[PDB]
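**Student:** One file is attached below, input-v8.tsv, containing TSV, C-alpha atoms.
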```
chain	number	residue	atom	x	y	z
A	70	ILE	CA	83.92	242.62	-36.12
A	71	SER	CA	86.04	243.58	-39.11
A	72	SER	CA	87.56	242.30	-42.34
A	73	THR	CA	91.27	241.55	-42.53
A	74	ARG	CA	91.91	244.45	-44.91
A	75	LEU	CA	88.52	245.77	-46.07
A	76	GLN	CA	87.31	246.94	-42.65
A	77	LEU	CA	90.40	247.08	-40.41
A	78	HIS	CA	91.77	250.48	-41.46
A	79	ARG	CA	88.41	252.29	-41.29
A	80	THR	CA	87.52	250.86	-37.89
A	81	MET	CA	90.96	251.78	-36.58
A	82	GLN	CA	90.79	255.38	-37.79
A	83	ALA	CA	87.28	255.73	-36.33
A	84	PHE	CA	88.52	254.29	-33.03
A	85	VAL	CA	91.47	256.70	-33.00
A	86	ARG	CA	89.14	259.61	-33.75
A	87	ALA	CA	86.87	258.61	-30.87
A	88	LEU	CA	89.84	258.33	-28.51
A	89	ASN	CA	91.11	261.74	-29.61
A	90	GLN	CA	87.69	263.37	-29.23
A	91	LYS	CA	87.17	262.03	-25.73
A	92	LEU	CA	90.79	262.50	-24.58
A	93	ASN	CA	90.49	266.27	-25.02
A	94	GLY	CA	90.79	267.16	-21.34
A	95	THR	CA	94.09	265.34	-20.88
A	96	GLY	CA	97.11	266.56	-22.83
A	97	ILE	CA	97.67	263.05	-24.21
A	98	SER	CA	96.74	262.59	-27.87
A	99	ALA	CA	96.66	259.57	-30.18
A	100	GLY	CA	97.94	259.35	-33.74
A	101	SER	CA	100.79	258.31	-36.00
A	102	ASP	CA	103.67	260.37	-37.36
A	103	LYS	CA	104.00	258.03	-40.35
A	104	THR	CA	102.94	259.54	-43.68
A	105	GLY	CA	103.06	256.87	-46.36
A	106	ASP	CA	106.24	256.86	-48.43
A	107	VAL	CA	108.20	259.20	-50.69
A	108	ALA	CA	105.51	259.09	-53.39
A	109	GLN	CA	102.87	261.77	-52.77
A	110	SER	CA	99.52	260.47	-54.04
A	111	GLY	CA	96.08	261.74	-53.13
A	112	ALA	CA	93.34	259.82	-51.31
A	113	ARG	CA	95.61	259.04	-48.37
A	114	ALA	CA	94.50	257.99	-44.88
A	115	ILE	CA	97.41	259.71	-43.16
A	116	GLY	CA	95.98	259.69	-39.63
A	117	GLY	CA	95.31	256.39	-37.92
A	118	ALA	CA	97.05	253.34	-36.54
A	119	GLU	CA	99.43	250.72	-37.93
A	120	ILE	CA	99.16	247.01	-38.74
A	121	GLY	CA	101.92	244.44	-38.26
A	122	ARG	CA	102.94	241.25	-40.01
A	123	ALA	CA	100.84	238.23	-39.12
A	124	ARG	CA	102.23	235.62	-36.74
A	125	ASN	CA	101.00	232.30	-35.35
A	126	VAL	CA	100.85	231.60	-31.62
A	127	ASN	CA	99.90	227.90	-31.36
A	128	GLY	CA	98.61	227.19	-34.85
A	129	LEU	CA	96.16	230.08	-35.06
A	130	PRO	CA	96.26	233.35	-37.02
A	131	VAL	CA	97.53	236.39	-35.11
A	132	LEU	CA	97.15	239.94	-36.44
A	133	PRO	CA	98.18	243.03	-34.42
A	134	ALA	CA	97.05	246.66	-34.47
A	135	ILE	CA	99.31	249.14	-32.67
A	136	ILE	CA	98.01	252.55	-31.59
A	137	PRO	CA	101.05	254.66	-30.54
A	138	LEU	CA	99.85	257.35	-28.15
A	139	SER	CA	101.67	260.49	-27.12
A	140	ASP	CA	103.63	260.63	-23.85
A	141	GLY	CA	105.40	257.38	-24.76
A	142	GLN	CA	102.61	254.89	-24.06
A	143	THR	CA	100.90	252.52	-26.50
A	144	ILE	CA	97.58	250.70	-26.84
A	145	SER	CA	97.37	247.47	-28.82
A	146	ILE	CA	94.27	245.49	-29.76
A	147	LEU	CA	94.50	242.02	-31.27
A	148	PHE	CA	92.41	240.19	-33.88
A	149	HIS	CA	92.07	236.53	-34.84
A	150	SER	CA	90.12	234.63	-37.50
A	151	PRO	CA	87.86	231.78	-36.35
A	152	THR	CA	85.87	231.65	-39.63
A	153	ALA	CA	88.97	231.11	-41.80
A	154	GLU	CA	91.83	228.63	-41.46
A	155	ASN	CA	95.36	228.46	-42.95
A	156	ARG	CA	96.50	232.02	-43.84
A	157	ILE	CA	94.57	235.18	-42.98
A	158	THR	CA	93.95	235.96	-46.68
A	159	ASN	CA	91.40	238.73	-47.30
A	160	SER	CA	87.67	239.50	-46.85
A	161	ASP	CA	87.43	237.50	-43.58
A	162	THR	CA	85.61	238.47	-40.37
A	163	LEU	CA	87.87	239.16	-37.40
A	164	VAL	CA	87.26	239.10	-33.64
A	165	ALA	CA	88.59	241.67	-31.18
A	166	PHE	CA	89.18	240.07	-27.79
A	167	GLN	CA	92.54	241.11	-26.31
A	168	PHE	CA	93.36	244.67	-25.23
A	169	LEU	CA	96.90	245.55	-24.13
A	170	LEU	CA	98.23	248.73	-22.50
A	171	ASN	CA	102.00	249.24	-22.17
A	172	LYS	CA	102.61	245.51	-22.88
A	173	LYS	CA	100.67	244.53	-19.73
A	174	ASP	CA	97.55	242.46	-20.27
A	175	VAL	CA	94.61	244.55	-19.26
A	176	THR	CA	91.73	242.91	-21.05
A	177	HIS	CA	90.81	241.33	-17.71
A	178	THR	CA	89.23	244.57	-16.41
A	179	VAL	CA	88.32	246.41	-19.62
A	180	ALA	CA	86.46	243.49	-21.23
A	181	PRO	CA	84.69	241.17	-18.86
A	182	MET	CA	81.84	239.34	-20.57
A	183	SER	CA	78.58	240.64	-19.07
A	184	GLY	CA	75.01	240.35	-20.29
A	185	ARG	CA	76.25	238.85	-23.57
A	186	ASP	CA	76.90	242.38	-24.92
A	187	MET	CA	79.31	245.32	-24.64
A	188	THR	CA	79.52	248.97	-25.74
A	189	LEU	CA	82.55	250.84	-27.06
A	190	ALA	CA	82.32	253.96	-24.87
A	191	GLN	CA	83.27	251.98	-21.77
A	192	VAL	CA	86.32	250.60	-23.57
A	193	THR	CA	87.48	254.00	-24.80
A	194	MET	CA	87.02	255.75	-21.44
A	195	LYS	CA	88.65	252.88	-19.55
A	196	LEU	CA	91.78	252.90	-21.71
A	197	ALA	CA	92.00	256.69	-21.48
A	198	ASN	CA	91.80	256.49	-17.69
A	199	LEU	CA	94.45	253.79	-17.32
A	200	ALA	CA	96.77	255.61	-19.72
A	201	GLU	CA	96.50	258.86	-17.78
A	202	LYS	CA	96.97	256.93	-14.53
A	203	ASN	CA	100.09	255.08	-15.68
A	204	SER	CA	101.82	257.99	-17.43
A	205	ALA	CA	103.35	259.30	-14.19
A	206	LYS	CA	105.37	256.22	-13.28
A	207	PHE	CA	106.02	255.39	-16.93
A	208	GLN	CA	107.70	258.81	-17.09
A	209	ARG	CA	109.68	258.62	-13.83
A	210	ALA	CA	111.18	255.29	-14.95
A	211	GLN	CA	113.16	256.89	-17.80
A	212	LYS	CA	114.52	259.61	-15.52
A	213	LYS	CA	115.74	257.05	-12.99
A	214	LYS	CA	117.43	255.07	-15.78
A	215	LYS	CA	119.25	258.15	-17.10
A	216	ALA	CA	120.36	259.09	-13.59
A	217	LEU	CA	121.69	255.54	-13.12
A	218	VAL	CA	123.73	255.83	-16.32
A	219	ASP	CA	125.24	259.17	-15.31
A	220	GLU	CA	126.15	258.08	-11.78
A	221	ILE	CA	127.68	254.74	-12.78
A	222	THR	CA	129.83	256.44	-15.41
A	223	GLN	CA	131.10	259.01	-12.91
A	224	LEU	CA	131.83	256.40	-10.23
A	225	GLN	CA	133.68	254.07	-12.59
A	226	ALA	CA	135.84	256.94	-13.84
A	227	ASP	CA	136.65	257.76	-10.21
A	228	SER	CA	137.76	254.19	-9.49
A	229	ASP	CA	139.95	253.93	-12.59
A	230	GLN	CA	141.72	257.23	-11.89
A	231	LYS	CA	142.35	256.22	-8.28
A	232	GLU	CA	143.81	252.83	-9.24
A	233	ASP	CA	146.08	254.41	-11.86
A	234	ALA	CA	147.33	256.67	-9.07
A	235	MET	CA	147.73	253.70	-6.71
A	236	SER	CA	149.91	251.53	-8.97
A	237	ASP	CA	153.58	252.18	-8.05
A	238	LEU	CA	153.50	252.13	-4.23
A	239	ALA	CA	154.44	248.45	-3.96
A	240	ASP	CA	157.63	249.06	-5.96
A	241	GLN	CA	158.43	252.03	-3.74
A	242	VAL	CA	158.04	249.78	-0.68
A	243	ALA	CA	160.28	247.13	-2.26
A	244	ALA	CA	163.12	249.61	-2.78
A	245	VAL	CA	162.73	250.76	0.82
A	246	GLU	CA	162.96	247.16	2.03
A	247	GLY	CA	166.18	246.60	0.11
A	248	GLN	CA	167.79	249.65	1.70
A	249	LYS	CA	166.62	248.43	5.12
A	250	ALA	CA	168.25	245.03	4.69
A	251	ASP	CA	171.51	246.67	3.63
A	252	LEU	CA	171.49	248.87	6.73
A	253	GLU	CA	170.88	245.89	9.02
A	254	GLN	CA	173.83	244.03	7.52
A	255	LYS	CA	176.11	247.05	7.98
A	256	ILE	CA	175.15	247.44	11.64
A	257	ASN	CA	175.75	243.75	12.36
A	258	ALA	CA	179.21	243.77	10.78
A	259	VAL	CA	180.30	246.87	12.69
A	260	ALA	CA	179.11	245.48	16.04
A	261	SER	CA	180.90	242.16	15.50
A	262	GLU	CA	184.16	243.91	14.67
A	263	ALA	CA	183.87	246.11	17.75
A	264	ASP	CA	183.29	243.26	20.21
A	265	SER	CA	186.14	241.16	18.82
A	266	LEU	CA	188.46	244.15	19.10
A	267	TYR	CA	187.41	244.65	22.72
A	268	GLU	CA	188.31	241.07	23.60
A	269	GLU	CA	191.70	241.50	21.93
A	270	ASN	CA	192.30	244.69	23.92
A	271	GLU	CA	191.49	243.08	27.26
A	272	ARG	CA	193.88	240.19	26.57
A	273	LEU	CA	196.67	242.56	25.57
A	274	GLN	CA	196.13	244.75	28.65
A	275	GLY	CA	196.43	241.70	30.89
A	276	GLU	CA	199.67	240.75	29.17
A	277	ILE	CA	200.94	244.32	29.52
A	278	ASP	CA	200.44	244.39	33.28
A	279	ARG	CA	201.90	240.90	33.68
A	280	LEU	CA	205.04	241.90	31.80
A	281	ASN	CA	205.47	245.25	33.57
A	282	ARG	CA	205.29	243.39	36.89
A	283	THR	CA	208.84	242.08	36.35
A	284	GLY	CA	210.09	244.99	34.25
A	285	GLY	CA	210.42	243.50	30.77
A	286	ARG	CA	212.44	240.45	31.85
A	287	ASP	CA	215.06	242.68	33.55
B	135	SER	CA	120.72	245.01	-14.29
B	136	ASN	CA	122.32	248.27	-13.15
B	137	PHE	CA	121.82	247.31	-9.48
B	138	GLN	CA	124.65	244.76	-9.53
B	139	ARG	CA	126.71	247.48	-11.22
B	140	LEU	CA	125.98	249.72	-8.22
B	141	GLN	CA	127.11	246.93	-5.91
B	142	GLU	CA	130.40	246.30	-7.69
B	143	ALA	CA	131.16	249.99	-8.24
B	144	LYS	CA	130.70	250.96	-4.61
B	145	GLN	CA	132.57	247.97	-3.19
B	146	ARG	CA	135.52	248.55	-5.53
B	147	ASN	CA	135.35	252.24	-4.61
B	148	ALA	CA	135.65	251.56	-0.88
B	149	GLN	CA	138.41	249.02	-1.48
B	150	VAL	CA	140.42	251.43	-3.60
B	151	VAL	CA	140.11	254.36	-1.20
B	152	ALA	CA	141.25	252.21	1.74
B	153	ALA	CA	144.24	251.01	-0.28
B	154	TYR	CA	145.04	254.59	-1.31
B	155	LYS	CA	145.11	255.85	2.28
B	156	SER	CA	147.30	253.04	3.63
B	157	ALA	CA	149.72	253.25	0.71
B	158	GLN	CA	149.93	257.02	1.18
B	159	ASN	CA	150.99	256.67	4.82
B	160	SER	CA	153.56	253.94	4.11
B	161	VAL	CA	156.06	256.33	2.49
B	162	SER	CA	156.26	258.72	5.42
B	163	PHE	CA	156.65	255.71	7.69
B	164	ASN	CA	159.51	254.13	5.79
B	165	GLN	CA	161.38	257.43	5.47
B	166	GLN	CA	161.21	257.80	9.25
B	167	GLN	CA	162.54	254.33	9.94
B	168	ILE	CA	165.40	254.53	7.44
B	169	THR	CA	166.52	257.76	9.13
B	170	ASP	CA	166.46	255.94	12.47
B	171	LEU	CA	168.61	253.15	11.05
B	172	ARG	CA	171.16	255.67	9.78
B	173	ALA	CA	171.36	257.16	13.28
B	174	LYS	CA	171.97	253.77	14.90
B	175	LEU	CA	174.72	252.97	12.40
B	176	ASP	CA	176.48	256.27	13.11
B	177	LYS	CA	176.41	255.68	16.87
B	178	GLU	CA	177.91	252.21	16.49
B	179	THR	CA	180.62	253.56	14.17
B	180	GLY	CA	181.58	256.15	16.79
B	181	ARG	CA	182.04	253.49	19.45
B	182	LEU	CA	184.11	251.38	17.04
B	183	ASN	CA	186.30	254.41	16.28
B	184	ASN	CA	187.03	254.82	19.98
B	185	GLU	CA	187.88	251.14	20.40
B	186	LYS	CA	190.27	251.16	17.43
B	187	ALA	CA	192.12	254.18	18.80
B	188	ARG	CA	192.54	252.45	22.16
B	189	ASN	CA	193.79	249.25	20.51
B	190	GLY	CA	196.38	251.08	18.45
B	191	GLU	CA	197.71	253.09	21.41
B	192	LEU	CA	197.95	249.97	23.61
B	193	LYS	CA	199.75	247.88	20.96
B	194	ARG	CA	202.24	250.69	20.34
B	195	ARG	CA	202.94	250.97	24.07
B	196	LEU	CA	203.56	247.22	24.28
B	197	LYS	CA	206.03	247.25	21.38
B	198	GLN	CA	207.78	250.13	23.08
B	199	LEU	CA	207.96	248.13	26.31
B	200	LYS	CA	209.35	244.78	25.25
B	201	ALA	CA	212.06	245.98	22.85
B	202	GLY	CA	215.65	245.19	23.74
B	203	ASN	CA	214.61	242.94	26.65
```
Once you've parsed the file, please lay out its structure as structure tokens.

**Tutor:**
Amino acid sequence: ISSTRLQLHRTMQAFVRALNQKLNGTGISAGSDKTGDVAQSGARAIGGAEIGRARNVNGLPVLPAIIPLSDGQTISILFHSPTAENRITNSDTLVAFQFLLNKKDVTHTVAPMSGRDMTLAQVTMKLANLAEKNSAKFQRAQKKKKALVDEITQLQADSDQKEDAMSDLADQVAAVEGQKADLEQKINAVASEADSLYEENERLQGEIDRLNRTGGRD
Amino acid sequence: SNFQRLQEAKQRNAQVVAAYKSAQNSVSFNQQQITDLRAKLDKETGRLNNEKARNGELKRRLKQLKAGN
């Protein structure tokens, strides 16, 4: 479809313009916030998509084109060079085959091969429709993640405070147990003394009566 | 995953609250029982006091009796 560098940028800006023109009804818009660099030179294609560094999947050239849409979603189309080998170089026809929406492969429905031909309007409308369908859940996911963060932080703080409060109760119990043992020992000693003294008293009382029987040996 | 974090947080939470309740009741309990022990000790000391007084009186009366044959 396109050259590596001599046709990629123009086709991408035209594609972005078509998407923007036909995505008018939905609040979603497509574009890039990137504006070149610090140097401010004229003849600048500010609006459009972005191109990433080439990679190699299984020995074949791989060249990405990322279209960052509003609302937090993205659309990425992928090129490869069958006519040229080794590096991508320049001035080399490229083939658009893979279409990705939010990292999930979706080429399977957007681009069946049918009648040995295909138009672009179907592609554009199809991607617009899937983007506007997916946006709802893609948006609720972030809210649920933030809620998870807030709740886990609160709960963990609760647990730490409660444990810090808990700490010293075992030592309190230990001191109590020591005092209890001391009390038990005291009670036992007193009871033993008392019973021994009772036995002594009974023996002495018997002797007293026995001796008073005769009157102290006359 | 945050889901395992939910699991661990809630299980530790339940564990800690159960421990907190039991450990909060323990102190009232042990105060009660130490007071009871003090009471038992005092009762036993009273009985011992009585026995000692009786022993002393009885021994004195004996020594009075046997003197001088």

**Student:** Please determine the contact residues of chain A with respect to chain B at a cut-off of 8 Å, counting all atoms listed in the file, and supply them as JSON, numbers by chain.

**Tutor:** {"A": [217, 221, 224, 225, 227, 228, 231, 232, 235, 238, 241, 242, 245, 248, 249, 252, 253, 255, 256, 259, 260, 262, 263, 266, 267, 270, 273, 274, 277, 285, 286, 287]}

**Student:** Go ahead and write the selection's residues with C-alpha atoms as a PDB file, in the coordinates of the input.

**Tutor:**
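Wrote it out as selection_19.pdb, contents follow:
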```pdb
ATOM      1  CA  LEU A 217     121.690 255.540 -13.120  1.00  0.00           C
ATOM      2  CA  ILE A 221     127.680 254.740 -12.780  1.00  0.00           C
ATOM      3  CA  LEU A 224     131.830 256.400 -10.230  1.00  0.00           C
ATOM      4  CA  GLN A 225     133.680 254.070 -12.590  1.00  0.00           C
ATOM      5  CA  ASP A 227     136.650 257.760 -10.210  1.00  0.00           C
ATOM      6  CA  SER A 228     137.760 254.190  -9.490  1.00  0.00           C
ATOM      7  CA  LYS A 231     142.350 256.220  -8.280  1.00  0.00           C
ATOM      8  CA  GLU A 232     143.810 252.830  -9.240  1.00  0.00           C
ATOM      9  CA  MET A 235     147.730 253.700  -6.710  1.00  0.00           C
ATOM     10  CA  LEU A 238     153.500 252.130  -4.230  1.00  0.00           C
ATOM     11  CA  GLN A 241     158.430 252.030  -3.740  1.00  0.00           C
ATOM     12  CA  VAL A 242     158.040 249.780  -0.680  1.00  0.00           C
ATOM     13  CA  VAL A 245     162.730 250.760   0.820  1.00  0.00           C
ATOM     14  CA  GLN A 248     167.790 249.650   1.700  1.00  0.00           C
ATOM     15  CA  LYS A 249     166.620 248.430   5.120  1.00  0.00           C
ATOM     16  CA  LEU A 252     171.490 248.870   6.730  1.00  0.00           C
ATOM     17  CA  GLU A 253     170.880 245.890   9.020  1.00  0.00           C
ATOM     18  CA  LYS A 255     176.110 247.050   7.980  1.00  0.00           C
ATOM     19  CA  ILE A 256     175.150 247.440  11.640  1.00  0.00           C
ATOM     20  CA  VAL A 259     180.300 246.870  12.690  1.00  0.00           C
ATOM     21  CA  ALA A 260     179.110 245.480  16.040  1.00  0.00           C
ATOM     22  CA  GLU A 262     184.160 243.910  14.670  1.00  0.00           C
ATOM     23  CA  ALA A 263     183.870 246.110  17.750  1.00  0.00           C
ATOM     24  CA  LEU A 266     188.460 244.150  19.100  1.00  0.00           C
ATOM     25  CA  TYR A 267     187.410 244.650  22.720  1.00  0.00           C
ATOM     26  CA  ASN A 270     192.300 244.690  23.920  1.00  0.00           C
ATOM     27  CA  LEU A 273     196.670 242.560  25.570  1.00  0.00           C
ATOM     28  CA  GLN A 274     196.130 244.750  28.650  1.00  0.00           C
ATOM     29  CA  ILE A 277     200.940 244.320  29.520  1.00  0.00           C
ATOM     30  CA  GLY A 285     210.420 243.500  30.770  1.00  0.00           C
ATOM     31  CA  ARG A 286     212.440 240.450  31.850  1.00  0.00           C
ATOM     32  CA  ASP A 287     215.060 242.680  33.550  1.00  0.00           C
TER      33      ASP A 287
END
```

**Student:** In Å, rounded to a single decimal, give me how far atom CA of residue 213 of chain A is from atom CA of residue 171 of chain A.

**Tutor:**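 Pair atom CA of residue 171 of chain A / atom CA of residue 213 of chain A returns 18.3 Å.
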
**Student:** Rounded to one decimal place, report the atom CA of residue 172 of chain A-atom CA of residue 202 of chain A distance in Å.

**Tutor:** 15.2 Å

**Student:** When you look at residue 133 of chain A with a cut-off of 9 Å (counting all atoms listed in the file), what residues show up, excluding the ones that are within fewer than 4 positions of it in the same chain? I need them as number ranges by chain.

**Tutor:** A: 119-124, 145-149

**Student:** Could you list, as a list in words, every residue within 10 Å of segment 81-88 of chain A, counting all atoms listed in the file and ignoring same-chain residues fewer than 4 positions away?

**Tutor:**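 With the cut-off at 10 Å, the set is residues 71, 76, 77, 92, 93, 98, 99, 100, 101, 114, 115, 116, 117, 118, 119, 120, 134, 135, 136, 138, 146, 189, 190, 192, 193, 194, 196 and 197 of chain A.
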
**Student:** To one decimal place, how far is atom CA of residue 166 of chain A from atom CA of residue 188 of chain A in Å?

**Tutor:**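 Result for atom CA of residue 166 of chain A versus atom CA of residue 188 of chain A: 13.3 Å, one decimal.
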
**Student:** Please, what is the axis-aligned box for every listed atom of segment 180-188 of chain B with 6 Å on each side, as centre and edge lengths in Å to one decimal, as AutoDock Vina command-line options?

**Tutor:**
```
--center_x 187.1 --center_y 253.6 --center_z 19.2 --size_x 23.0 --size_y 17.0 --size_z 17.9
```

**Student:** Using all atoms listed in the file, which of the listed residues (A:239, A:160, A:91, A:74) sits closest to residue 195 of chain A?

**Tutor:** A:91

**Student:** Taking only C-alpha atoms into account, name the residue in B:156, B:198, B:135, B:169 that is nearest to residue 214 of chain A.

**Tutor:**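 Closest to residue 214 of chain A, using only C-alpha atoms: B:135.
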
**Student:** Show me that you can extract segment 76-93 of chain A, keeping N, CA, C and O atoms, and write it as a compact mmCIF listing (two decimals), in the first residue's frame.

**Tutor:**
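Output contents, as saved in decode-v1.txt:
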```
# COMPACT_ATOMS: atom_id res chain seq x y z
N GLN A 76 5.42 7.38 1.85
CA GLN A 76 3.97 7.35 1.75
C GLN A 76 3.29 7.07 3.08
O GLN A 76 2.06 7.23 3.18
N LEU A 77 4.03 6.69 4.12
CA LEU A 77 3.42 6.30 5.39
C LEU A 77 2.74 7.49 6.07
O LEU A 77 1.57 7.41 6.46
N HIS A 78 3.47 8.60 6.21
CA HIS A 78 2.95 9.75 6.95
C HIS A 78 1.69 10.31 6.30
O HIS A 78 0.71 10.61 6.99
N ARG A 79 1.71 10.47 4.97
CA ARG A 79 0.56 11.04 4.27
C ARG A 79 -0.66 10.14 4.40
O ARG A 79 -1.77 10.62 4.67
N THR A 80 -0.48 8.84 4.20
CA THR A 80 -1.60 7.92 4.33
C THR A 80 -2.15 7.93 5.74
O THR A 80 -3.37 7.88 5.95
N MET A 81 -1.27 8.03 6.74
CA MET A 81 -1.73 8.05 8.12
C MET A 81 -2.50 9.33 8.44
O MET A 81 -3.53 9.27 9.12
N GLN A 82 -2.04 10.48 7.96
CA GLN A 82 -2.79 11.71 8.25
C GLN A 82 -4.12 11.72 7.52
O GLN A 82 -5.13 12.19 8.06
N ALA A 83 -4.16 11.18 6.29
CA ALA A 83 -5.44 11.07 5.59
C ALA A 83 -6.39 10.12 6.32
O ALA A 83 -7.59 10.40 6.43
N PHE A 84 -5.87 9.00 6.82
CA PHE A 84 -6.69 8.06 7.57
C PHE A 84 -7.23 8.69 8.84
O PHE A 84 -8.40 8.51 9.19
N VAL A 85 -6.38 9.45 9.55
CA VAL A 85 -6.82 10.12 10.76
C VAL A 85 -7.89 11.17 10.43
O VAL A 85 -8.87 11.31 11.16
N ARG A 86 -7.71 11.90 9.33
CA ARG A 86 -8.71 12.88 8.93
C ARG A 86 -10.04 12.22 8.60
O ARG A 86 -11.09 12.74 8.97
N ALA A 87 -10.00 11.08 7.91
CA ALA A 87 -11.24 10.36 7.62
C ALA A 87 -11.93 9.89 8.90
O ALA A 87 -13.15 10.04 9.05
N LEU A 88 -11.15 9.32 9.82
CA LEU A 88 -11.72 8.90 11.10
C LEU A 88 -12.37 10.07 11.82
O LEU A 88 -13.51 9.98 12.28
N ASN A 89 -11.66 11.20 11.89
CA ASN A 89 -12.19 12.38 12.57
C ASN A 89 -13.46 12.88 11.90
O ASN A 89 -14.43 13.23 12.59
N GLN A 90 -13.49 12.91 10.57
CA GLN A 90 -14.67 13.41 9.87
C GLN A 90 -15.87 12.50 10.11
O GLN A 90 -17.00 12.99 10.27
N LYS A 91 -15.66 11.19 10.14
CA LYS A 91 -16.80 10.31 10.31
C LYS A 91 -17.05 9.91 11.76
O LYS A 91 -18.01 9.18 12.03
N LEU A 92 -16.25 10.38 12.71
CA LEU A 92 -16.51 10.16 14.12
C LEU A 92 -17.13 11.40 14.77
O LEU A 92 -17.04 11.60 15.98
N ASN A 93 -17.77 12.24 13.95
CA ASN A 93 -18.28 13.52 14.43
C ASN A 93 -19.38 13.34 15.46
O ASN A 93 -19.44 14.07 16.46
```
